[PDB]
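Novice: The following block contains the structure, expressed as structure tokens.
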Amino acid sequence: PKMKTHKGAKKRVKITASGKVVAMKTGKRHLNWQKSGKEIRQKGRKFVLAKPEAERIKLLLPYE
Amino acid sequence: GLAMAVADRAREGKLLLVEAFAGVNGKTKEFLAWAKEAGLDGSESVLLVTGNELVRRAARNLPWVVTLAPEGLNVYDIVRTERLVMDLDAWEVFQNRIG
Amino acid sequence: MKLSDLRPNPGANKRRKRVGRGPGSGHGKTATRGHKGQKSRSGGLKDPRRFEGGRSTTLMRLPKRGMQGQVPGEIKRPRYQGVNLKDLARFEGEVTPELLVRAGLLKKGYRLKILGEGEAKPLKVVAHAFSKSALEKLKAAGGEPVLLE
Amino acid sequence: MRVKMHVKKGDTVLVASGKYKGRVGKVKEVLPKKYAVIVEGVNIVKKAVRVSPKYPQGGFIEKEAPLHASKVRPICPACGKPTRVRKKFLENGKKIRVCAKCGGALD
RNA sequence: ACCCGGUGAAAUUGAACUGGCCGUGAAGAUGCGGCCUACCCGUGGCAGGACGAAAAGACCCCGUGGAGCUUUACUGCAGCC
RNA sequence: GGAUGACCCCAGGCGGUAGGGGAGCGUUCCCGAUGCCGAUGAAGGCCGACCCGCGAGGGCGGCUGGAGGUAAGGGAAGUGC
RNA sequence: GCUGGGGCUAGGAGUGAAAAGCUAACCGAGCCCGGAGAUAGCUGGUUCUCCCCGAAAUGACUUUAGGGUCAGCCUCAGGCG
RNA sequence: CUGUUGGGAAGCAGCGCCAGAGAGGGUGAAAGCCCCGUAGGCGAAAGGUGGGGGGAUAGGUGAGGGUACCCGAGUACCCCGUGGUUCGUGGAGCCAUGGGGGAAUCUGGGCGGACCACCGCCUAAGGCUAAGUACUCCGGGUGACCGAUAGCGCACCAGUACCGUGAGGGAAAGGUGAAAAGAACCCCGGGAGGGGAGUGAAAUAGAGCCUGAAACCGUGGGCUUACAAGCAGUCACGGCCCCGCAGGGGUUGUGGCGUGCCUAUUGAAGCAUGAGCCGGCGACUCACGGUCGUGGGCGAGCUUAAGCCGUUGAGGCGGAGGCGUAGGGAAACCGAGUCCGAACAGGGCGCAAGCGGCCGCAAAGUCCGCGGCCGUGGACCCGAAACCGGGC
RNA sequence: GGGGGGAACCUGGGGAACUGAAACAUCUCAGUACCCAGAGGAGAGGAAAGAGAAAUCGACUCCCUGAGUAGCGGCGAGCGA
Ligand SMILES: [Mg+2]
Ligand SMILES: [Mg+2]
Ligand SMILES: [Mg+2]
Ligand SMILES: [Mg+2]
Ligand SMILES: [Mg+2]
Ligand SMILES: [Mg+2]
Ligand SMILES: [Mg+2]
Ligand SMILES: [Mg+2]
Ligand SMILES: [Mg+2]
Ligand SMILES: [Mg+2]
Ligand SMILES: [Mg+2]
Ligand SMILES: [Mg+2]
Ligand SMILES: [Mg+2]
Ligand SMILES: [Mg+2]
Ligand SMILES: [Mg+2]
Ligand SMILES: [Mg+2]
Ligand SMILES: [Mg+2]
Ligand SMILES: [Mg+2]
Ligand SMILES: [Mg+2]
Ligand SMILES: [Mg+2]
Ligand SMILES: [Mg+2]
Ligand SMILES: [Mg+2]
Ligand SMILES: [Mg+2]
Ligand SMILES: [Mg+2]
Ligand SMILES: [Mg+2]
Ligand SMILES: [Mg+2]
Ligand SMILES: [Mg+2]
Ligand SMILES: [Mg+2]
Ligand SMILES: [Mg+2]
Ligand SMILES: [Mg+2]
Ligand SMILES: [Mg+2]
Ligand SMILES: [Mg+2]
Ligand SMILES: [Mg+2]
Ligand SMILES: [Mg+2]
Ligand SMILES: [Mg+2]
Ligand SMILES: [Mg+2]
Ligand SMILES: [Mg+2]
Ligand SMILES: [Mg+2]
Ligand SMILES: [Mg+2]
Ligand SMILES: [Mg+2]
Ligand SMILES: [Mg+2]
Ligand SMILES: [Mg+2]
Ligand SMILES: [Mg+2]
Ligand SMILES: [Mg+2]
Ligand SMILES: [Mg+2]
Ligand SMILES: [Mg+2]
Ligand SMILES: [Mg+2]
Ligand SMILES: [Mg+2]
Ligand SMILES: [Mg+2]
Ligand SMILES: [Mg+2]
Ligand SMILES: [Mg+2]
Ligand SMILES: [Mg+2]
Ligand SMILES: [Mg+2]
Ligand SMILES: [Mg+2]
Ligand SMILES: [Mg+2]
Ligand SMILES: [Mg+2]
Ligand SMILES: [Mg+2]
Ligand SMILES: [Mg+2]
Ligand SMILES: [Mg+2]
Ligand SMILES: [Mg+2]
Ligand SMILES: [Mg+2]
Ligand SMILES: [Mg+2]
Ligand SMILES: [Mg+2]
Ligand SMILES: [Mg+2]
Ligand SMILES: [Mg+2]
Ligand SMILES: [Mg+2]
Ligand SMILES: [Mg+2]
Ligand SMILES: [Mg+2]
Ligand SMILES: [Mg+2]
Ligand SMILES: [Mg+2]
Ligand SMILES: [Mg+2]
Ligand SMILES: [Mg+2]
Ligand SMILES: [Mg+2]
Ligand SMILES: [Mg+2]
Ligand SMILES: [Mg+2]
Ligand SMILES: [Mg+2]
Ligand SMILES: [Mg+2]
Ligand SMILES: [Mg+2]
Ligand SMILES: [Mg+2]
Ligand SMILES: [Mg+2]
Ligand SMILES: [Mg+2]
Ligand SMILES: [Mg+2]
Ligand SMILES: [Mg+2]
Ligand SMILES: [Mg+2]
Ligand SMILES: [Mg+2]
Ligand SMILES: [Mg+2]
Ligand SMILES: [Mg+2]
Ligand SMILES: [Mg+2]
Ligand SMILES: [Mg+2]
Ligand SMILES: [Mg+2]
Ligand SMILES: [Mg+2]
Ligand SMILES: [Mg+2]
Ligand SMILES: [Mg+2]
Ligand SMILES: [Mg+2]
Ligand SMILES: [Mg+2]
Ligand SMILES: [Mg+2]
Ligand SMILES: [Mg+2]
Ligand SMILES: [Mg+2]
Ligand SMILES: [Mg+2]
Ligand SMILES: [Mg+2]
Ligand SMILES: [Mg+2]
Ligand SMILES: [Mg+2]
Ligand SMILES: [Mg+2]
Ligand SMILES: [Mg+2]
Ligand SMILES: [Mg+2]
Ligand SMILES: [Mg+2]
Ligand SMILES: [Mg+2]
Ligand SMILES: [Mg+2]
Ligand SMILES: [Mg+2]
Ligand SMILES: [Mg+2]
Ligand SMILES: [Mg+2]
Ligand SMILES: [Mg+2]
Ligand SMILES: [Mg+2]
Ligand SMILES: [Mg+2]
Ligand SMILES: [Mg+2]
Ligand SMILES: [Mg+2]
Ligand SMILES: [Mg+2]
Ligand SMILES: [Mg+2]
Ligand SMILES: [Mg+2]
Ligand SMILES: [Mg+2]
Ligand SMILES: [Mg+2]
Ligand SMILES: [Mg+2]
Ligand SMILES: [Mg+2]
Ligand SMILES: [Mg+2]
Ligand SMILES: [Mg+2]
Ligand SMILES: [Mg+2]
Ligand SMILES: [Mg+2]
Ligand SMILES: [Mg+2]
Ligand SMILES: [Mg+2]
Ligand SMILES: [Mg+2]
Ligand SMILES: [Mg+2]
Ligand SMILES: [Mg+2]
Ligand SMILES: [Mg+2]
Ligand SMILES: [Mg+2]
Ligand SMILES: [Mg+2]
Ligand SMILES: [Mg+2]
Ligand SMILES: [Mg+2]
Ligand SMILES: [Mg+2]
Ligand SMILES: [Mg+2]
Ligand SMILES: [Mg+2]
Ligand SMILES: [Mg+2]
Ligand SMILES: [Mg+2]
Ligand SMILES: [Mg+2]
Ligand SMILES: [Mg+2]
Ligand SMILES: [Mg+2]
Ligand SMILES: [Mg+2]
Ligand SMILES: [Mg+2]
Ligand SMILES: [Mg+2]
Ligand SMILES: [Mg+2]
Ligand SMILES: [Mg+2]
Ligand SMILES: [Mg+2]
Ligand SMILES: [Mg+2]
Ligand SMILES: [Mg+2]
Ligand SMILES: [Mg+2]
Ligand SMILES: [Mg+2]
Ligand SMILES: [Mg+2]
Ligand SMILES: [Mg+2]
Ligand SMILES: [Mg+2]
Ligand SMILES: [Mg+2]
Ligand SMILES: [Mg+2]
Ligand SMILES: [Mg+2]
Ligand SMILES: [Mg+2]
Ligand SMILES: [Mg+2]
Ligand SMILES: [Mg+2]
Ligand SMILES: [Mg+2]
Ligand SMILES: [Zn+2]
């Protein structure tokens with residue numbers, strides 16, 4: 001049968017133009033009050049995943 | 001495929017376009033004798049194409065003859081045989097194809 | 001060029017790897033699975049694309065971004081599509097949506113919008129909208145934009 | 001319904017092959033379930049028997065062994081040749097067996 | 001039980017041309033080393049060895065294996081209110 | 001070298017389990033086959049101290065057998081204990 | 001009390017002067033057929049030939065610890081040189 | 001048709017003919033022309049079918065106005081408990097209904113994802129309806145389907161013998177030859193059996209019957225063996241035996257060397273696993289989907305699916321749709337940029353894309369074939385203890 | 001007129017567990033296996049109180065696509081118009 005896309009993956013990750021995988025930096029969902037402004041802000045930026053894990057994630061989104 | 005197949009058979013000289021079949025109204029020995037005046041005594045195999053149940057009927061039953069209608073031209077059958085003896089509307093259906 | 005001349009090009013039909021067939025062959029006995037463990041077993045190994053030993057999987061530690069939407073459907077609405085200027089060089093005269101579609105340029109059922117990467121050939125073009133800077137290269141290169149509906 | 005034969009007892013016929021290729025005689029019997037016949041003095045073999053009343057102080061006897069139907073052809077009582085039968089309708093129009101060679105009856 | 005005539009099983013069995021000592025070796029050797037001893041084949045008897053046979057250890061650990069039981073473990077259900 | 005792997009000269013590498021890559025042998029079936037071998041003997045079986053191949057093999061000969069077998073080149077697998 | 005003949009109660013159920021006893025020669029939950037090729041991170045077993053390279057038994061995390069994911073190490077195809 | 005070889009022609013030979021039929025199968029071996037057929041045509045008094053054609057009948061068919069009589073009741077609808085849906089209480093509508101409350105009859109009512117407004121769509125609480133679809137007990141057709149450990153459990157008198165109280169389980173077992181010509185009669189024998197004889201092409205085709213392997217048992221022959229120590233072999237020399245004419249083959253006296261195979265392991269000859277021996281079955285696949293590689297086709301394009309037509313081992317059609325040509329951003333939205341931001345800082349993710357004089361050459365991409373892998377299925381094969389269901 | 005039978009195929013009324021989630025309870029297996037009723041050569045459905053954004057289509061059934069899209073989901077495993 002058709003493979004199914006991992007919905008959890010499609011909700012967390014993005015495939016870029018050139019193949020990279022992209023996600024949101026972890027560690028500002030809570031416990032924020034004491035975290036530095038430098039910390040709090042750097043956790044905005046999307047980050048690129050390291051290839052072996054990115055590549056694995058990729059196989060989970062067959063249709064994109 | 002269909003282009004190349006015929007294209008090869010011609011390139012070898014073993015093609016032959018014919019206008020209509022003289023003394024042959026669906027009766028083997030007739031065709032048999034027509035083919036004689038045609039330049040094939042069946043020492044080589046013939047792929048034979050025309051929409052003309054009459055012609056290809058006398059032309060059935062012979063070992064060295066593979067019968068065909070012209071919309072049913074196919075590349076196994078071409079290569080399969082030794083000598084293609086097509087025909088003119090057969091030729092235009094085949095030409096209506098490679099377009 | 002007969003039947004015993006028909007023959008595939010050099011390796012367009014490889015033979016197949018055949019494990020389980022004696023010593024010399026190279027992969028007999030274990031038949032390449034090495035020795036024991038889950039991954040030997042007739043069955044797997046669970047999904048190598050996400051299972052991480054029982055650990056919290058490297059995917060699911062990552063957060064989730066933005067609207068996932070919810071029942072009943074997705075909102076249906078005007079979808080667009082980008083066709084450039086460098087594309088319309090392959091035409092002369094007027095250019096319309098449905099035309100552009102047939103060209104193998106436009107995905108049908110999306111409202112064409114013209115965006116300008118390139119050079120505007122003196123043309124009349126009909127888009128559902130124009131990227132501000134396609135309007136530019138196009139007008140001043142002697143052409144006529146038709147914002148249609 | 002009937003093994004379609006091609007021979008009647010007692011058509012005069014010609015063993016067209018075998019040890020007796022060439023013999024000619026009358027079909028004595030036909031056995032359609034087996035599809036073979038026995039023609040006068042064809043396929044003769046010696047059978048051993050015992051000392052009973054009937055064959056008393058016996059010994060051997062001679063028997064006419066059957067023969068595979070196909071392996072025998074009907075002779076035309078006109079044209080006289082071995083042949084094959086074609087089937088002619090009259091005006092009646094009844095079916096007859098008629099020699100494929102001359103064209104006249106075979107009974 | 002033993003000898004003669006009659007009938008004739010069984011588990012078990014890698015293959016055998018299957019000795020002792022002291023060593024050695026996956027740490028208890030007919031099979032490796034060095035000695036020693038020893039003609040070939042049986043019958044009746046004995047049980048020290050073949051880590052003899054039998055039973056994929058029943059004890060112990062392991063398995064995110066099972067089942068019977070228990071309760072103030074969890075969560076449900078019947079039953080009762 | 002020469003001239004598009006024809007074959008010769010030279011130097012060098014060539015223990016190997018898990019495992020990766022390569023090149024091959026054979027079995028069943030299909031196109032090649034309306035063909036071709038075959039009772040002056042098919043397949044199968046039993047010999048061989050001969051021939052070819054590194055090898056899996058393939059030839060060749062003798063006995064047995066008594067009606068089948070099937071090439072060059074390709075294809076497909078219920079393919080090797 | 002023992003006993004023949006005729007009957008009734010069965011599978012989370014019967015029957016039990018209580019042994020988890022008995023319920024068609026193995027009952028802490030009968031037998032048959034089915035779901036069904038259940039599941040087995042475990043044990044076995046895995047079949048022709050010849051060529052080239054060639055390991056690992058470490059690290060991190062793991063209801064993980066004889067299983068795995070990523071990294072380390074082998075190999076094949078392309079590229080740099 | 002004839003000749004020839006042969007037990008036997010259908011082989012081989014000479015000379016011919018048919019083909020709307022050279023599919024297939026038989027006949028003593030290999031047959032277009034001997035047999036059954038094949039191509040092409042023909043056929044129903046009776047039974048059945050009859051969706052095509054013919055006929056007949058039930059059946060059907062106007063416009064404006066007015067009135068406000070009718071338009072499916074314990075129903076809508078609202079609330080509580082559920083179910084269905086992709087929808088697991090969710091913003092939870094819709095459709096279905098167990099319990100309570102309970103209408104209206106076109107200015108009626110249900111829906112358009114809480115609800116309200118608007119703007120719409122539809123007429124619930126009566127019923128029937130062909131075709132296109134599913135299946136295969138049966139009958140026909142065809143296999144890059146099996147050939148008696150295979151294929152159905154069953155080619156055979158098999159749901160049998162047998163096993164179980166029962167439900168239930170469930171076998172083995174095909175072949176003489178062309179033709180029974182199935183061995184008269186004779187001799188040893190109580191017979192079984194065999195020896196002559198007799199048939200046959202063949203009788204080590206003799207019914208315990210084609211072929212007739214291997215383990216296993218025997219008779220005969222050559223070498224060898226009773227002072228010898230062994231994973232049974234190997235190397236070397238010598239003897240005797242055979243084939244032959246400086247060469248082989250067989251056997252083994254003496255000497256040298258030498259720890260079975262598999263498996264599992266750090267490590268096994270191992271006193272760790274499995275195997276009495278032979279034979280025959282026995283384990284990495286298939287489909288759909290991914291991702292690479294690969295041989296080809298086309299290239300800013302590539303490609304059809306289901307189906308329609310055609311052929312019955314002929315291919316064609318069909319552009320619905322799919323991937324590709326533009327990205328960035330949760331999104332609106334913008335676009336060679338876009339996002340974050342007050343920024344026209346700076347960053348993140350993007351765009352710059354191959355060689356000559358339009359062509360070529362090559363390809364981005366896509367389609368098919370093949371090969372390696374991955375995901376879904378039992379997914380390399382045998383294996384539980386158990387769980388659940390209906391029955392006995 | 002009914003009653004009983006019939007390889008599957010169909011509708012209805014009921015309806016599991018192993019398994020998956022590498023444990024497990026919501027979830028999965030799955031409205032699957034199976035019991036029962038019924039109908040038939042098929043069966044069910046079927047002439048909109050439909051659909052859902054087109055000021056659009058126009059009974060039902062079945063096929064391809066839509067699309068593993070929208071969504072559902074201890075937002076897990078997976079489920080899926
Ligand atoms: Mg994202
Ligand atoms: Mg958190
Ligand atoms: Mg937050
Ligand atoms: Mg898609
Ligand atoms: Mg894309
Ligand atoms: Mg022909
Ligand atoms: Mg033909
Ligand atoms: Mg031919
Ligand atoms: Mg292949
Ligand atoms: Mg290979
Ligand atoms: Mg090998
Ligand atoms: Mg290999
Ligand atoms: Mg190896
Ligand atoms: Mg092995
Ligand atoms: Mg491997
Ligand atoms: Mg593997
Ligand atoms: Mg291990
Ligand atoms: Mg492993
Ligand atoms: Mg597994
Ligand atoms: Mg979404
Ligand atoms: Mg007749
Ligand atoms: Mg005695
Ligand atoms: Mg006795
Ligand atoms: Mg001794
Ligand atoms: Mg001693
Ligand atoms: Mg010690
Ligand atoms: Mg020591
Ligand atoms: Mg010792
Ligand atoms: Mg030693
Ligand atoms: Mg010793
Ligand atoms: Mg003794
Ligand atoms: Mg003892
Ligand atoms: Mg054990
Ligand atoms: Mg145990
Ligand atoms: Mg105990
Ligand atoms: Mg335990
Ligand atoms: Mg645990
Ligand atoms: Mg554990
Ligand atoms: Mg378990
Ligand atoms: Mg229990
Ligand atoms: Mg009670
Ligand atoms: Mg060398
Ligand atoms: Mg070396
Ligand atoms: Mg090597
Ligand atoms: Mg064969
Ligand atoms: Mg053929
Ligand atoms: Mg043949
Ligand atoms: Mg010949
Ligand atoms: Mg002969
Ligand atoms: Mg011979
Ligand atoms: Mg032979
Ligand atoms: Mg034959
Ligand atoms: Mg062949
Ligand atoms: Mg071949
Ligand atoms: Mg197999
Ligand atoms: Mg009593
Ligand atoms: Mg009683
Ligand atoms: Mg009682
Ligand atoms: Mg009961
Ligand atoms: Mg009962
Ligand atoms: Mg039960
Ligand atoms: Mg019992
Ligand atoms: Mg008992
Ligand atoms: Mg129970
Ligand atoms: Mg139980
Ligand atoms: Mg019992
Ligand atoms: Mg199941
Ligand atoms: Mg193993
Ligand atoms: Mg090396
Ligand atoms: Mg933990
Ligand atoms: Mg470990
Ligand atoms: Mg473990
Ligand atoms: Mg790894
Ligand atoms: Mg690598
Ligand atoms: Mg003669
Ligand atoms: Mg003749
Ligand atoms: Mg001839
Ligand atoms: Mg024909
Ligand atoms: Mg022939
Ligand atoms: Mg014939
Ligand atoms: Mg006909
Ligand atoms: Mg009124
Ligand atoms: Mg409700
Ligand atoms: Mg629900
Ligand atoms: Mg709900
Ligand atoms: Mg929930
Ligand atoms: Mg809802
Ligand atoms: Mg509403
Ligand atoms: Mg209600
Ligand atoms: Mg209701
Ligand atoms: Mg109202
Ligand atoms: Mg309603
Ligand atoms: Mg409502
Ligand atoms: Mg609506
Ligand atoms: Mg609304
Ligand atoms: Mg509506
Ligand atoms: Mg109404
Ligand atoms: Mg109605
Ligand atoms: Mg109805
Ligand atoms: Mg109906
Ligand atoms: Mg219907
Ligand atoms: Mg079927
Ligand atoms: Mg056959
Ligand atoms: Mg059988
Ligand atoms: Mg046999
Ligand atoms: Mg059987
Ligand atoms: Mg049968
Ligand atoms: Mg009994
Ligand atoms: Mg009985
Ligand atoms: Mg007979
Ligand atoms: Mg007596
Ligand atoms: Mg006798
Ligand atoms: Mg005798
Ligand atoms: Mg005798
Ligand atoms: Mg013999
Ligand atoms: Mg014989
Ligand atoms: Mg026998
Ligand atoms: Mg035979
Ligand atoms: Mg025999
Ligand atoms: Mg014998
Ligand atoms: Mg002897
Ligand atoms: Mg001597
Ligand atoms: Mg001495
Ligand atoms: Mg001596
Ligand atoms: Mg010694
Ligand atoms: Mg010697
Ligand atoms: Mg020696
Ligand atoms: Mg030495
Ligand atoms: Mg030794
Ligand atoms: Mg070995
Ligand atoms: Mg072990
Ligand atoms: Mg150990
Ligand atoms: Mg161990
Ligand atoms: Mg190891
Ligand atoms: Mg031992
Ligand atoms: Mg062990
Ligand atoms: Mg052992
Ligand atoms: Mg073992
Ligand atoms: Mg035994
Ligand atoms: Mg074997
Ligand atoms: Mg594979
Ligand atoms: Mg398959
Ligand atoms: Mg692939
Ligand atoms: Mg071009
Ligand atoms: Mg196209
Ligand atoms: Mg996007
Ligand atoms: Mg902003
Ligand atoms: Mg930028
Ligand atoms: Mg190109
Ligand atoms: Mg390409
Ligand atoms: Mg992979
Ligand atoms: Mg399994
Ligand atoms: Mg239980
Ligand atoms: Mg029950
Ligand atoms: Mg149901
Ligand atoms: Mg229940
Ligand atoms: Mg589980
Ligand atoms: Mg458990
Ligand atoms: Mg447990
Ligand atoms: Mg479901
Ligand atoms: Mg009924
Ligand atoms: Mg129908
Ligand atoms: Mg119906
Ligand atoms: Mg209506
Ligand atoms: Mg949510
Ligand atoms: Zn005549």
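In the structure tokens, chains take the letters A, B, ... in the order shown, each chain's residues start at 1, and ligands count up from 1 in the order shown.
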Identify, counting only C-alpha atoms (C1' of nucleotides) and all ligand atoms, the protein, DNA and RNA residues located within 12 Å of ligand 26, and give them as a list in words.
Specialist: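 Checking only C-alpha atoms (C1' of nucleotides) and all ligand atoms against ligand 26 at 12 Å gives residues 23, 24, 25, 26, 27 and 28 of chain E.
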Novice: Just C-alpha atoms (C1' of nucleotides) for this one: save the residues we selected as a PDB file, in the first residue's frame.
Specialist:
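The resulting file, result-v7.pdb, is shown below:
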ATOM      1  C1'   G E  23      51.733 -34.197  31.660  1.00  0.00           C
ATOM      2  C1'   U E  24      49.083 -31.163  28.336  1.00  0.00           C
ATOM      3  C1'   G E  25      44.814 -29.231  26.645  1.00  0.00           C
ATOM      4  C1'   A E  26      37.995 -24.631  27.319  1.00  0.00           C
ATOM      5  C1'   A E  27      40.511 -26.101  33.973  1.00  0.00           C
ATOM      6  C1'   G E  28      38.777 -34.523  34.831  1.00  0.00           C
TER       7        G E  28
END
Novice: Neighbours of ligand 134 at 8 Å or closer, counting only C-alpha atoms (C1' of nucleotides) and all ligand atoms: which residues, as a PyMOL selection string?
Specialist: (chain F and resi 17-18) or (chain H and resi 265)
Novice: Kindly determine which residues of chain H lie within 8 Å of chain A, considering only C-alpha atoms (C1' of nucleotides), and give the answer as a list in words.
Specialist: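 Going by the stated atoms only, the list reads residues 288, 289, 290, 291, 327, 348, 349, 350, 375 and 376 of chain H.
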Novice: With only C-alpha atoms (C1' of nucleotides) considered, list every residue of chain I at most 12 Å from chain A, as an NGL selection string.
Specialist: :I and (67-69 or 71-73 or 75-80)
Novice: For residue 77 of chain C, find every residue with an atom within 12 Å (counting only C-alpha atoms (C1' of nucleotides)), except residues of its own chain fewer than 6 positions away, and show them as a list in words.
Specialist: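 What passes the distance filter is residues 109, 110 and 111 of chain C; 53 and 54 of chain I.
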Novice: Output the selection as a PDB file, in the first residue's frame - N, CA, C and O atoms (P, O5', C5', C4', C3', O3' and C1' of nucleotides) for each residue.
Specialist:
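File part.pdb, as written:
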ATOM      1  N   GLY C 109      -6.425  25.265 -12.140  1.00  0.00           N
ATOM      2  CA  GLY C 109      -7.199  25.502 -10.941  1.00  0.00           C
ATOM      3  C   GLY C 109      -6.440  26.332  -9.916  1.00  0.00           C
ATOM      4  O   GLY C 109      -6.863  26.430  -8.758  1.00  0.00           O
ATOM      5  N   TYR C 110      -5.312  26.910 -10.329  1.00  0.00           N
ATOM      6  CA  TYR C 110      -4.640  27.926  -9.526  1.00  0.00           C
ATOM      7  C   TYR C 110      -4.693  29.214 -10.326  1.00  0.00           C
ATOM      8  O   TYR C 110      -4.499  29.169 -11.531  1.00  0.00           O
ATOM      9  N   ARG C 111      -4.970  30.343  -9.669  1.00  0.00           N
ATOM     10  CA  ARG C 111      -5.043  31.657 -10.328  1.00  0.00           C
ATOM     11  C   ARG C 111      -3.680  32.241 -10.654  1.00  0.00           C
ATOM     12  O   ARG C 111      -3.084  32.888  -9.808  1.00  0.00           O
TER      13      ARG C 111
ATOM     14  P     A I  53     -17.200  23.677  -1.139  1.00  0.00           P
ATOM     15  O5'   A I  53     -17.249  25.191  -1.648  1.00  0.00           O
ATOM     16  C5'   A I  53     -17.015  25.530  -3.011  1.00  0.00           C
ATOM     17  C4'   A I  53     -17.710  26.813  -3.415  1.00  0.00           C
ATOM     18  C3'   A I  53     -17.124  28.111  -2.865  1.00  0.00           C
ATOM     19  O3'   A I  53     -17.207  29.129  -3.876  1.00  0.00           O
ATOM     20  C1'   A I  53     -19.389  27.902  -2.188  1.00  0.00           C
ATOM     21  P     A I  54     -16.044  29.295  -4.994  1.00  0.00           P
ATOM     22  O5'   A I  54     -16.670  30.275  -6.083  1.00  0.00           O
ATOM     23  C5'   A I  54     -18.036  30.175  -6.476  1.00  0.00           C
ATOM     24  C4'   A I  54     -18.242  29.251  -7.658  1.00  0.00           C
ATOM     25  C3'   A I  54     -19.628  29.313  -8.292  1.00  0.00           C
ATOM     26  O3'   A I  54     -19.775  30.343  -9.251  1.00  0.00           O
ATOM     27  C1'   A I  54     -19.147  27.081  -7.765  1.00  0.00           C
TER      28        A I  54
END
Novice: How many Å separate atom CA of residue 95 of chain D from atom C1' of residue 42 of chain H?
Specialist: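 These atoms are spaced 14.6 Å apart.
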Novice: Expressed in Å to a single decimal, how great is the separation between atom CA of residue 13 of chain B and atom CA of residue 29 of chain B?
Specialist: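 Distance between the two atoms: 26.3 Å.
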Novice: Kindly provide, as an MDAnalysis selection string, all nucleotide and amino acid residues lying within 9 Å of ligand 66, counting only C-alpha atoms (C1' of nucleotides) and all ligand atoms.
Specialist: chainID G and resid 23:27 30:31
Novice: What residues of the protein or nucleic acid chains come within 12 Å of ligand 94 when you use only C-alpha atoms (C1' of nucleotides) and all ligand atoms? Reply as a ChimeraX atom specification.
Specialist: /H:93-94,110-113,120-122 /I:48-53
Novice: Residues contacting ligand 154 - anything with an atom at most 9 Å away, using only C-alpha atoms (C1' of nucleotides) and all ligand atoms - can you give me those as a PDB file with N, CA and C atoms (P, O5', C5', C4', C3', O3' and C1' of nucleotides), in the first residue's frame?
Specialist:
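Writing the result to part-v9.pdb gives the following:
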ATOM      1  P     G G  11     -20.724 -24.103  31.431  1.00  0.00           P
ATOM      2  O5'   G G  11     -19.433 -23.179  31.408  1.00  0.00           O
ATOM      3  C5'   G G  11     -18.455 -23.299  30.376  1.00  0.00           C
ATOM      4  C4'   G G  11     -17.060 -23.181  30.936  1.00  0.00           C
ATOM      5  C3'   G G  11     -15.934 -22.940  29.929  1.00  0.00           C
ATOM      6  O3'   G G  11     -15.016 -22.005  30.461  1.00  0.00           O
ATOM      7  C1'   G G  11     -15.443 -24.810  31.265  1.00  0.00           C
TER       8        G G  11
ATOM      9  P     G H 389     -14.460 -15.525  24.908  1.00  0.00           P
ATOM     10  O5'   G H 389     -14.822 -15.951  23.415  1.00  0.00           O
ATOM     11  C5'   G H 389     -15.220 -15.012  22.423  1.00  0.00           C
ATOM     12  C4'   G H 389     -15.588 -15.706  21.134  1.00  0.00           C
ATOM     13  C3'   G H 389     -16.545 -16.885  21.263  1.00  0.00           C
ATOM     14  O3'   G H 389     -17.899 -16.515  21.383  1.00  0.00           O
ATOM     15  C1'   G H 389     -14.765 -17.469  19.843  1.00  0.00           C
ATOM     16  P     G H 390     -18.923 -17.537  22.072  1.00  0.00           P
ATOM     17  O5'   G H 390     -19.094 -18.683  20.983  1.00  0.00           O
ATOM     18  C5'   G H 390     -19.877 -18.432  19.833  1.00  0.00           C
ATOM     19  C4'   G H 390     -19.933 -19.632  18.948  1.00  0.00           C
ATOM     20  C3'   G H 390     -20.421 -20.899  19.618  1.00  0.00           C
ATOM     21  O3'   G H 390     -21.835 -20.947  19.667  1.00  0.00           O
ATOM     22  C1'   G H 390     -18.416 -21.348  18.444  1.00  0.00           C
ATOM     23  P     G H 391     -22.648 -22.205  20.263  1.00  0.00           P
ATOM     24  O5'   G H 391     -22.092 -23.472  19.491  1.00  0.00           O
ATOM     25  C5'   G H 391     -22.411 -24.797  19.864  1.00  0.00           C
ATOM     26  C4'   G H 391     -21.432 -25.678  19.171  1.00  0.00           C
ATOM     27  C3'   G H 391     -21.155 -27.021  19.818  1.00  0.00           C
ATOM     28  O3'   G H 391     -22.000 -28.017  19.294  1.00  0.00           O
ATOM     29  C1'   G H 391     -19.114 -25.865  19.460  1.00  0.00           C
TER      30        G H 391
END
Novice: Could you list, as a list in words, the residues of chain C having an atom within 7 Å of chain A when counting only C-alpha atoms?
Specialist: residues 49, 59, 62, 63, 64 and 65 of chain C
Novice: Restricting the calculation to only C-alpha atoms: of D:68, D:4, D:87, D:97, which residue gets closest to residue 38 of chain D?
Specialist: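 Checking each candidate against residue 38 of chain D, we get D:68 as the closest.
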